[PDB]
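**Student:** Could you have a look at this structure, given as structure tokens, before my questions?
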Amino acid sequence: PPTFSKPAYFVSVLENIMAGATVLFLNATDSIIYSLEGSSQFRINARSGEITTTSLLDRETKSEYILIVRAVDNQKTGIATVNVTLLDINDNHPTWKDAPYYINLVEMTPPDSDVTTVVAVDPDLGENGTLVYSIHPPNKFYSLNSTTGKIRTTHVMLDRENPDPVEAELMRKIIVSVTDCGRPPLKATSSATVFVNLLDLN
Ligand SMILES: [Ca+2]
Ligand SMILES: [Ca+2]
Ligand code: NA
């Protein structure tokens, strides 16, 4: 009544595993003909018990599969589950959420005043989905919490009556770029501008 080495099988592959690639090898005994049910993404070779992908997978669509595998020869069936888990691979860029950002700010607003919060999103997992945010070029007027996106003013004040054009530019435009922390790291297509409309206290 032909049965497998184990009743239940646990396997891990990577979301970029190729079309056709071997997932797992199964042998049952007490000849023997094998069949696999539970996703069309997977097929099992009927003589040899080799499970393979039929297609490309994607953990962001489906991270875990359960397949059911049957061995038959007065024939008798035997059943084992196979429990495929896809390991995340860093294959999505972050995407800016509500960019660009248009804001109105009172000049000489004091140290540590709220300005905005930039937000991006990454559908990958763990380090690959973790977002880190940076102001370029180095902006002396604004400080940004690299993990949370929140932007605040600095101990340097915002003075509209400042004659350096570049410092005025810095005051009135903030450019954030965002990465994620997998290897390779991936950045959002483009940076994201906060546009700042400076207002006196008339
Ligand atoms: Ca992924
Ligand atoms: Ca990513
Ligand atoms: Na993907």
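Identifiers in this document derive from the order of the structure tokens: chains are assigned A, B, ..., residues are numbered from 1 separately in each chain, and ligands are numbered from 1 in order of occurrence.
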Taking only C-alpha atoms and all ligand atoms into account, which residues have an atom no farther than 7 Å from ligand 1? I'd like them as a ChimeraX atom specification.
**Tutor:** /A:15,58-60,88-92,124-125
**Student:** With a distance cut-off of 6 Å and only C-alpha atoms, select the neighbouring residues of residue 20 (chain A), excluding the residue or stretch itself and same-chain residues fewer than 2 positions from it, and output the selection as a list in words.
**Tutor:**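 The residues satisfying every condition are residues 52, 53 and 54 of chain A.
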**Student:** Given a cut-off of 9 Å, what residues near ligand 2 show up using only C-alpha atoms and all ligand atoms, put as a list in words?
**Tutor:** residues 89, 90, 91, 92, 93, 94, 121, 122, 123, 124, 125, 127, 128, 129, 130, 131, 179, 180, 181, 182, 185, 186 and 187 of chain A
**Student:** Can you pull out the residues contacting residue 133 (chain A)? Cut-off 10 Å, using only C-alpha atoms, and skip same-chain residues under 3 positions away; I want them as a list in words.
**Tutor:**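 Near neighbours after the sequence-gap exclusion: residues 118, 119, 120, 136, 144, 145, 146, 147, 148, 149, 150, 176, 177, 178, 179, 180, 187 and 191 of chain A.
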**Student:** Okay, now the selection with N, CA and C atoms, as a CSV table (one decimal), in the first residue's frame?
**Tutor:**
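New file selection-v2.csv:
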chain,number,residue,atom,x,y,z
A,118,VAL,N,7.2,62.4,3.9
A,118,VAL,CA,7.2,61.6,2.7
A,118,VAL,C,7.0,60.1,2.9
A,119,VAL,N,6.3,59.6,1.9
A,119,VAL,CA,5.9,58.2,2.0
A,119,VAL,C,6.2,57.5,0.7
A,120,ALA,N,6.9,56.4,0.7
A,120,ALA,CA,7.0,55.4,-0.4
A,120,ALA,C,6.6,54.0,0.1
A,136,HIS,N,18.9,65.0,-0.9
A,136,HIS,CA,20.0,65.4,-1.8
A,136,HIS,C,19.5,66.6,-2.6
A,144,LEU,N,15.4,65.1,8.0
A,144,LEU,CA,14.4,64.0,7.6
A,144,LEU,C,14.8,62.7,8.3
A,145,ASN,N,13.8,62.1,8.9
A,145,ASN,CA,14.1,60.9,9.7
A,145,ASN,C,14.2,59.8,8.7
A,146,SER,N,15.4,59.3,8.5
A,146,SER,CA,15.7,58.4,7.3
A,146,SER,C,14.8,57.2,7.2
A,147,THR,N,14.3,56.7,8.3
A,147,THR,CA,13.4,55.5,8.3
A,147,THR,C,11.9,55.8,8.3
A,148,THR,N,11.5,57.0,8.8
A,148,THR,CA,10.1,57.3,8.9
A,148,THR,C,9.5,58.3,7.9
A,149,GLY,N,10.4,59.0,7.2
A,149,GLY,CA,9.9,59.9,6.2
A,149,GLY,C,9.6,61.3,6.7
A,150,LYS,N,9.5,61.5,8.0
A,150,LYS,CA,9.0,62.7,8.6
A,150,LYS,C,10.1,63.8,8.5
A,176,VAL,N,13.9,64.5,-1.9
A,176,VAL,CA,14.1,63.3,-1.3
A,176,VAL,C,14.3,62.2,-2.3
A,177,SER,N,15.3,61.3,-2.1
A,177,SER,CA,15.4,60.0,-2.7
A,177,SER,C,15.3,58.9,-1.6
A,178,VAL,N,14.8,57.8,-2.1
A,178,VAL,CA,14.4,56.6,-1.3
A,178,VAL,C,15.0,55.3,-1.9
A,179,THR,N,15.7,54.6,-1.1
A,179,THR,CA,16.1,53.2,-1.4
A,179,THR,C,15.4,52.1,-0.4
A,180,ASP,N,15.7,50.9,-0.8
A,180,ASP,CA,15.4,49.7,0.0
A,180,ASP,C,16.7,48.9,0.3
A,187,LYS,N,16.3,51.8,-5.9
A,187,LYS,CA,15.8,53.1,-5.6
A,187,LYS,C,14.6,53.3,-6.5
A,191,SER,N,13.8,60.6,-7.7
A,191,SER,CA,13.5,61.4,-6.4
A,191,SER,C,12.2,62.0,-6.4
**Student:** Measuring atom to atom with only C-alpha atoms, identify which of A:171, A:99, A:24, A:108 is nearest to residue 137 (chain A).
**Tutor:** A:171
**Student:** Which residue gives the smallest distance to residue 55 (chain A) among A:140, A:167, A:115, A:16, with only C-alpha atoms counted?
**Tutor:** A:16
**Student:** Go through A:82, A:103, A:67, A:46 and flag the residue nearest residue 9 (chain A), using only C-alpha atoms for the distances.
**Tutor:**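 Smallest separation from residue 9 (chain A) among the options: A:82.
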**Student:** In terms of the shortest atom-to-atom distance over only C-alpha atoms, which of A:78, A:111, A:165, A:38 is closest to residue 6 (chain A)?
**Tutor:**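 Going through A:78, A:111, A:165, A:38 one by one, the smallest distance to residue 6 (chain A) is for A:78.
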